[PDB]
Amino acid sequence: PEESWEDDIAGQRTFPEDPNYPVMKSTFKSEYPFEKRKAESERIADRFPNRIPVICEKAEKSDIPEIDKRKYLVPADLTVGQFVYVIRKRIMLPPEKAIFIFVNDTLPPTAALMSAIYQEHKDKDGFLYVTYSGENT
C-alpha cells in the first residue's frame, strides 16, 4: 500500500529535546583563518557592490532560536530595524519576543543605516560582525 498522513505528533504537550543529538556549532571566526575571511570579504565586496556582508550569530547563553544561516548580504540603505526584521523572519521568532543585536557590545539605534554601522565597526577582515540575542547583555 502507501503510507497515510497522520497528525499523531501530539506529544505530552511538552516536547522534550533529544538527549543525544551532538551538533557542535562553532563561531565563524574560529572555523576560518583570518586570510580566508579577508579574501572572502574582498571577493564578496567586489562581486556585490552596495551590499554589506554581515556575519550574524547567536549570543552564546540566549535561548532565542538558532538558524543555519549566518551570512547576510544587506542592502546598504537598510536601517538597523529593517535588518533586525530580516533576522526575525529568518529565525521565525514571534513578534511578542524581543530581539536585540550587538555590534561590539553596543545596541545600534533603529534608524541608523547599516552602511554607516559598517563604516564605523567593520572587522579588520572586511565583515561586519553582529550578535543577536533574546535578552539585553
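Counting begins at 1, following the sequence as shown.
Visitor: On mean Cα temperature factor in this entry, is 61 to 69 or 83 to 91 the higher one?
Guide: Averaged over C-alpha atoms, the B-factors run higher in 61 to 69.
Visitor: Do the C-alpha atoms of 22 to 30 or of 49 to 57 have the higher average B factor in the entry?
Guide: Mean C-alpha B-factor is greater for 22 to 30.
Visitor: In terms of the chain's CA B-factor thirds, is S115 lowest, middle or highest?
Guide: It belongs to the lowest third of the chain when residues are ordered by C-alpha B-factor.
Visitor: Splitting the chain's C-alpha B-factors into thirds, which one does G11 fall into?
Guide: Highest third - that is where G11 ends up once the chain's C-alpha B-factors are sorted.
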